[PDB]
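PDB entry and its sequence, pasted below:
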Amino acid sequence: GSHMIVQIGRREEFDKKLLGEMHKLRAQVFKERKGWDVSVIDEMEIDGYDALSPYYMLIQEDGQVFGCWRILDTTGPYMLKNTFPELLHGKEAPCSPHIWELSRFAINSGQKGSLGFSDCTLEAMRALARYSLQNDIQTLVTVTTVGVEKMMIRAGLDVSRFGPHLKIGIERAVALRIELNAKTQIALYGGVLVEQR
Ligand SMILES: [Zn+2]
């Protein structure tokens, strides 16, 4: 009713309408960014990875998607391995059921973002790291910018890079590994996450 709702699930679990607002948000963010292998179809940023069984995280507020993130198994194709392999610096692309890739961070930038943005991200990572840890994941990898990298090294996460950042489009982009260990967990939650069964 005025609070934040976060959903995390497989593409198939979300209503064609929510998906359409997610991809519109990604278009509002990524439209005509060059170098990020973007395709906008009918005002929606959607690509072949979306047809590979991704998970999505959506943050909502007053009935609208304000932020979204995509998650891909590293046992299948993912953007670091198959779109941005230069950022690997010749290292091997991870491939494991315990590691996932994040991509397509998109946050509505307008007036109606009622939480902030340093934090919007915080909240997303809290929900994301937990969903991942409960699905036996130890590591998140992603291609993002140097900006988000520092935002994350500052928030305390344990974050390391595969190699030097590179100019992608108008950005300085880098491939990160985000360990979901104790240090991350404590940064995110104030301590070690404990799940009950
Ligand atoms: Zn509410």
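Nice, thanks for sending it over. Residues are numbered from 1 along each chain as shown.

From residue 124, how far off is the residue of the chain found nearest the ion?
For the chain, the residue closest to the ion is residue 3, as judged by Cβ to the ion, at 3.2 Å. Where C-beta positions appear, they are placed from N, C-alpha and C, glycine not excepted. Separation of residue 3 from residue 124 (Cβ to Cβ, to the nearest Å): 15 Å.

Which one's more surrounded, those two?
Using other Cβ atoms under 10 Å, the more surrounded residue of residue 3 and residue 124 is residue 124, with 21 against 8.

Just the buried residues of the host helix or strand of the more buried one, please?
Using DSSP states H and E, residue 124 falls within helix 118-133. Buried positions in helix 118-133, judged by neighbour count with 16 or more other Cβ atoms under 10 Å: 120-133.

Tell me the first helix or strand C-terminal of it.
Sequence-wise, the next helix or strand downstream of helix 118-133 (DSSP H and E) is strand 139-145.

Can you name the residues in contact with that following strand?
For strand 139-145, the surrounding residues in contact (Cβ atoms under 8 Å, 6 or more residues apart in numbering) are 74, 78-80, 83-84, 87, 94, 96, 98-103, 105, 128-129, 132, 168, 171-180.

Going by secondary structure, residue 67 is in what exactly?
Using DSSP H and E, residue 67 falls in strand 64-73.

ok and that strand relative to helix 118-133, angle-wise?
40 degrees (axes from the mean of the first three to the mean of the last three Cα atoms, to 10 degrees).

quick one: strands adjacent to strand 64-73?
Applying DSSP bridges to the sheet, strand 64-73 is found paired with strand 55-61 (antiparallel), strand 99-107 (antiparallel).

Give me the contacts around the shortest one.
Defining contact as Cβ under 8 Å, 6+ apart, one finds that strand 55-61 is touched by 3-11, 14, 18-19, 22, 65-72, 100, 112-115, 120, 123-124, 127-128, 131.

picking up where we left off before, just the buried subset of the contacts of strand 139-145, please.
Of the contacts of strand 139-145, these count as buried by 16+ other Cβ under 10 Å: 74, 78-80, 83-84, 87, 94, 99-103, 105, 128-129, 132, 168, 171, 173-178, 180.
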